[PDB]
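Notes for the structure review
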Amino acid sequence: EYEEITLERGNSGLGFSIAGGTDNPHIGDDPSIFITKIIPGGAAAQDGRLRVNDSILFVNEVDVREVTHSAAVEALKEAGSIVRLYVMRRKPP
Amino acid sequence: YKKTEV
């Protein structure tokens, strides 16, 4: 259950806000990098109109979710001008 | 936890 969303990344900052992974967890029951907020006027808000909770499965080709949140935030910015977001449904509140 | 802005 993974949705494929290509989004145009902003220059030095994107426009999303991630909750935590294995290092820093919102939940010790599923270490999966979540978006808890959309940054207003950024990449997420301009290019589409998703939900935050879209749980970053693969970004580009890097295997995130069960990572440090620092490896997924870095792989989100390391996408360049174009974030290729692939997002799995595990725990939707 | 801490939410990192991206």
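As shown above, the structure is provided for reference.
Residues numbered from 1 in each chain as written, not as in the entry; some residues may be left out. Chains lettered and ligands numbered in written order. Heavy atoms only, no water. Residues with missing side-chain atoms left out of burial classes, pairs and counts.

1. Some points on the layout of surface pockets
All names here are of chain A. To be explicit about the condition: Cavities and pockets are defined on a 1 Å grid built over the protein atoms alone: a cavity is a set of grid points where a 1.4 Å probe fits but cannot escape, while a pocket is an open set with protein on both sides within 12 Å along at least five of seven lines, and lining residues are those with an atom within 4 Å of any such point. Grid points are joined across faces, edges and corners, and a volume is the space filled by probe spheres set on the points. Residue classes follow a fixed rule: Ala, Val, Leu, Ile, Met, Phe, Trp, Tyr, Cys and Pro count as nonpolar, while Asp, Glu, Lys and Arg count as charged, and any other residue, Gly among them, counts as polar.
The space that makes up the largest pocket amounts to roughly 180 Å³. Forming the walls of the largest pocket are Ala19, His26, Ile27, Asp29, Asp30, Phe34, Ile35, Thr36, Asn53, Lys91 and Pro93. Residue composition of the lining of the largest pocket, by class: five nonpolar, three polar and three charged.

2. Some details on the sheet that holds strand 4 (residues 55–59) of chain A
Residue and element names in this part refer to chain A. Which entries qualify depends on this criterion: Strand pairing requires that DSSP identify at least two bridges connecting the strands. The numbering of helices and of strands both runs from the N terminus, where a helix is a DSSP run of H or I of at least 4 residues and a strand a run of E of at least 2. Contacts are residue-level and defined by heavy atoms, with any inter-residue pair within 4.5 Å sufficient. Lines fitted to C-alpha atoms define the axes here, with helix axes fitted over just the stretch in contact, and angles between the N-to-C directions of these axes take values from 0 to 180 degrees.
The strand order across the open sheet formed by four strands is 1-6-4-5, and the pairing between neighbours is antiparallel. The open sheet has two free edges, formed respectively by strand 1 (2–8) and strand 5 (62–63), since each of these has just one partner strand. With four bridges connecting them, strand 4 and strand 6 (residues 82–88) associate as antiparallel partners. Its bridge partner lying in strand 6, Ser55 is registered against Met88. Contacting strand 4, strand 5 and strand 6, helix 2 (residues 69–77) runs over the sheet at an angle of about 60° to strand 4.

3. Digging into the interface of chain B and chain A
Of the residues lining the interface, six residues belong to chain B; the matching set on chain A comes to 16 residues. Grouping the constituent residues of the side of chain B that touches chain A by class yields two nonpolar, one polar and three charged. In terms of strand pairing, strand 2 (residues 16–18) of chain A meets strand 1 (residues 4–5) of chain B through two bridges, oriented antiparallel. Note that in strand 1 of chain B the partner of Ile18 of chain A across the bridge is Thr4 of chain B.

4. Here's the deal with unusual backbone geometry
Residue and element names in this part refer to chain A. So the rule is basically this: A simple rule labels every residue: compare its accessible area, found with a 1.4 Å probe on the protein chains alone, to the largest value its type can have, and call it buried under 20%, exposed over 50%, or partly exposed in between.
Non-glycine residue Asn60 carries a positive phi angle of around 80°. Relative to the helices and strands, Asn60 is located in the loop between strand 4 and strand 5. Look at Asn60 and you get partly exposed, because its relative accessible area is 21%. The phi torsion at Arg65 lies on the positive side, around 70°, for a residue other than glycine. For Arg65, the location among the structural elements is in the loop between strand 5 and helix 2. When its relative accessible area of 8% is taken as the criterion, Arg65 is described as buried.

This is a description of form; function is not addressed.
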